[PDB]
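One letter stands for each residue in the lines below.
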Amino acid sequence: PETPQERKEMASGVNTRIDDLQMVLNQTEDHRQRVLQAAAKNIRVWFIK
Amino acid sequence: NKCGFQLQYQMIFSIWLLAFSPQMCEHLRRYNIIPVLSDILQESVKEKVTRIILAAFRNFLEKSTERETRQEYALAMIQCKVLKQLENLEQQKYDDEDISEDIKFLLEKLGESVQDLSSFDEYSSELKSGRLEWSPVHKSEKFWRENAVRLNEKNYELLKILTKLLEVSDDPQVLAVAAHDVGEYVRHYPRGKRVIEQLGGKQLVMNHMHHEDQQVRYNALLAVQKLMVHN
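This entry, as listed in the PDB, derives from cryo-EM and reports a resolution of 3.9 Å.

The PDB entry lists chain B under the name V-type proton ATPase subunit H, with Rattus norvegicus given as the organism. The title given for this PDB entry is "Synaptic Vesicle V-ATPase with synaptophysin and SidK, State 2".

In the nomenclature of the PDB entry, chain A corresponds to V-type proton ATPase 116 kDa subunit a isoform 1 from the organism Rattus norvegicus.

What follows is the structure, given as structure tokens:
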């Protein structure tokens, strides 16, 4: 930041953005877990087929 | 009523005769055989039946009397996933000319129909008509690359429709498609990040990933991933 007001601006912006990134990171990793288990539920039969 | 294989070939012969005629082709839409024929083709791998259904498909798309008639038939085809089957059959090779020449013709015409549905005017018109129901424009990546800027037209009226539907759509399909298209806009047009933040699509999709329908949740997660493709 350039001034203390810009520090407040950038601090709020980074707080919001890192919170959003943490939210979507948790969500995307849980999504990988979900889709990977969805595939694994039948993949062995997929392999043999 | 699940009649026998030879009988299937015979009745597809009859519908292929009807499709040969322009006016009889126009008449038979009152039944719409294509939803039945598309899936029954999955079992009827036999050359006889597969050939005759391909010929009937060509006859539909050839002798359809109007551009709207061709669009109706082709829409039935694509929404019942005939295009991927035509690509698979094109990879396949057969005894005589007709099967492969018809598959090639059908690929040509289905591709033309897909481009037409991918028209920017069609995208705007489906947004106006509420038809956010997986028309090929939605998944045609080339269209998105070419026309993502078109969502800025009329002062972002397309995005405004999408973001109003994100809180007005009773249909989960429409809601999910709205969230997904909002995400695709950010994916394909970098400045759209702040436009979506302004319109609330950011918040709307990041919330609707907790929507009551898992399909809407999934599409909203895809859209939020688009928004988070980078900073």
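Moving on, we get to the overall build of chain B. Broken down by element type, chain B carries 15 helices and zero strands. Taking the principal axes of the C-alpha coordinates as reference, chain B spans close to 60 × 35 × 30 Å. In chain B, of all internal contacts separated by at least 6 residues, the share reaching a separation of at least 24 is 60%.

Residue and element names in this part refer to chain B. Running from N to C, helix α12 (residues 172–188) and helix α15 (residues 214–227) point in directions that differ by 10°, and their axes come no closer than 7 Å. The angle between α12 and α15 falls in the class roughly parallel. In this structure, α12 contributes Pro172, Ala176, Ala179, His180, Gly183, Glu184, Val186 and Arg187 to the contact, and α15 contributes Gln215, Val216, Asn219, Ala220, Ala223, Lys226 and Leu227. By residue class, the composition of the contact of α12 with α15 is eight nonpolar, four polar and three charged.

Time to look at the environment of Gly183 of chain B. Residues and elements named next belong to chain B. Topologically, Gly183 is positioned in helix α12. Once the C-alpha coordinates of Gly183 and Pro172 are considered, the two residues, 11 residues apart in sequence, prove to be 17 Å apart. Those residues in contact with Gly183 that lie beyond four places of it in its chain are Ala223 and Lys226.

With that out of the way, let us pick up unusual backbone geometry. Most peptide bonds take the trans form, and the phi angle of most residues other than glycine is negative. All names here are of chain B. Although it is not a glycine, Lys2 adopts a positive phi angle of roughly 55°. Within the element layout of this structure, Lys2 appears in the segment before α1 (5–20). Positive phi is not limited to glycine here, since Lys154 has a value of about 55°. On the secondary structure map, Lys154 appears in helix α11 (residues 153–168).

Rules and cut-offs
- Residues numbered from 1 in each chain as written, not as in the entry; some residues may be left out.
- Chains lettered and ligands numbered in written order.
- Part of a larger assembly, values for the part shown.
- Heavy atoms only, no water.
- Residues with missing side-chain atoms left out of burial classes, pairs and counts.
- Helix = DSSP H or I, 4+ residues; strand = E, 2+ residues; numbered from the N terminus.
- Contact = heavy atoms within 4.5 Å.
- Axes fitted to C-alpha atoms, helices over the stretch in contact; angles between N-to-C directions.
- Parallel < 35°, antiparallel > 145°, perpendicular 65-115°, else oblique.
- Nonpolar A, V, L, I, M, F, W, Y, C, P; charged D, E, K, R; others polar.

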